[PDB]
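Residue numbers (the deposited numbering), protein chains in the order written: chain A, 1 to 103; chain C, 1 to 103; chain B, 1 to 103.
Following this line, the structure appears as structure tokens:
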């Protein structure tokens with residue numbers, strides 16, 4: 001089954017490097033980089049704020065384990081956000097393309 | 001039945017044309033246009049990069065068939081991205097509004 | 001179950017107010033604020049436009065009830081958009097951190 005994976009990154013350099021690696025390695029068919037995020041989260045009991053970018057990764061459920069391994073290898077954070085949202089339905093031509101361009 | 005549909009487009013013009021049509025035609029209760037995307041994907045087997053915008057469509061599975069048809073008619077890409085993410089739960093009054101303002 | 005909640009707000013001021021509150025109150029582990037949204041939606045027989053910002057809230061189904069309550073108390077809209085998308089799978093360490101920082 002196809003999924004849209006969300007990944008937040010600290011900079012455009014990390015956004016581009018991870019985005020390119022995932023597509024190049026066939027772990028994703030496409031990756032969108034959304035810039036300008038202001039992120040507020042908890043870290044060791046403190047609430048902190050930082051500027052980030054969001055990656056939207058179009059991939060499949062069986063590509064997830066390797067995708068995670070590669071993202072962790074490239075991401076500067078010890079616990080990076082990598083969460084997959086299920087694609088309940090989509091246009092057939094697109095889903096076929098996604099499948100054909102992954103794995 | 002409620003879902004959030006993601007569609008990427010090449011320009012603000014196409015974004016607005018599609019957003020307007022979907023809500024006007026009761027295929028969506030609302031559409032968010034997110035600008036500034038950088039997209040990295042597979043085309044003809046090779047890795048390319050392009051600039052795009054993201055549409056977040058609030059709709060339902062009942063509206064999806066016609067939504068797909070209309071997006072394809074109004075979208076320049078040969079294979080446009082039209083993927084639905086399911087809404088697992090939400091503010092009751094908002095979901096009621098979404099269901100009422102769609103179809 | 002872990003979820004990504006979407007909320008649209010009218011200004012950065014409301015975005016920040018809700019973002020800080022949910023995280024400080026442990027109703028969410030992190031909140032991303034995405035600016036620059038153009039929203040096209042239905043108001044009766046009219047298709048209207050407005051500027052907004054998007055909040056991506058990392059939380060759980062268990063915090064959702066209280067999260068909805070707090071968002072409504074801090075949101076100027078009569079019917080704020082609060083919809084949850086299910087996280088099918090994710091980086092184990094990340095989901096652990098998410099659950100440990102939300103109640």
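Where a beta carbon is used, it is the ideal one built from N, C-alpha and C, also for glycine.
Following the continuous beta strand (DSSP E) through residue i, name the residue where it begins and the one where it ends.
i	result
residue 42 of chain B	30-43
residue 61 of chain C	Careful: residue 61 of chain C lies outside any beta strand (DSSP E) and carries neither H nor E.
residue 102 of chain A	Neither: residue 102 of chain A is in no beta strand (DSSP E) and is coded neither H nor E.
residue 81 of chain A	Unbroken run through residue 81 of chain A: none, as it is neither H nor E.
residue 6 of chain C	2-9
Give a yes or no on whether 8 Å exceeds the smallest Cβ distance from residue i to chain C.
i	result
residue 34 of chain B	yes
residue 6 of chain B	yes
Mind checking which residues open and close the alpha helix (DSSP H) that includes residue i?
i	result
residue 65 of chain C	64-74
residue 88 of chain A	Counting along the chain, residue 88 of chain A falls outside any alpha helix (DSSP H), and DSSP gives it neither H nor E.
residue 14 of chain C	12-24
Strictly below 9 Å CB to CB, what residues from chain C border residue i?
i	result
residue 31 of chain B	Under the 9 Å cutoff, chain C gives no residues; its nearest Cβ is about 16 Å from residue 31 of chain B.
Within the same chain, show all residues whose beta-carbon is closer than 6 Å to that of residue i, passing over the 5 residues directly before and after it, in chain order.
i	result
residue 49 of chain C	40
residue 68 of chain A	82
Can you list the residues of chain A that residue i reaches, using a CB-CB cut of under 7 Å?
i	result
residue 90 of chain B	82, 83, 84
If you drop the 5 nearest sequence neighbours on each side, which residues of the same chain put their C-beta closer than 7 Å to that of residue i?
i	result
residue 19 of chain A	31, 33, 55
residue 101 of chain B	26, 29
residue 72 of chain B	80
residue 17 of chain C	74
residue 58 of chain B	4, 28, 29, 30, 98
residue 15 of chain B	9, 33, 53, 55
residue 66 of chain A	27
Please check if any C-beta of chain A sits within less than 8 Å of the C-beta of residue i.
i	result
residue 102 of chain C	no
residue 93 of chain B	yes
Identify, in the order they occur along the chain, each residue of the same chain with its Cβ nearer than 8 Å to the Cβ of residue i, setting aside the five sequence neighbours on each side.
i	result
residue 77 of chain A	10
residue 37 of chain B	8, 51, 52, 53, 54
residue 87 of chain B	1, 2, 3, 4, 95
residue 12 of chain A	33, 35, 53
residue 85 of chain A	3, 4, 5, 6
residue 42 of chain B	48
Find the residues of chain B that neighbour residue i, judging by a C-beta separation of less than 8 Å, and give them in chain order.
i	result
residue 2 of chain A	In chain order: nothing, as chain B lies at least about 11 Å away.
Using a C-beta to C-beta distance shorter than 8 Å, which residues of chain A count as neighbours of residue i?
i	result
residue 61 of chain C	88, 89
Query - Near-chain A residues of the stretch 64-86 of chain B (beta-carbon distance less than 7 Å), N- to C-terminal order - result: Those residues of the stretch 64-86 of chain B that come within reach of chain A (Cβ to Cβ, closer than 7 Å) are 85, 86.
Query raised in the report: If you measure beta-carbon to beta-carbon, which residues of the stretch 33-57 of chain A are closer than 8 Å to chain B?
Result: Residues 34, 36, 37, 38, 39, 40, 41, 42, 47, 52, 54.
Requested in this report: Anything in the stretch 15-29 of chain C with a Cβ closer than 7 Å to a Cβ of chain E? List those residues in chain order, please.
Outcome: The chain inventory of the structure shown lacks chain E, comprising the protein chains A, C and B.
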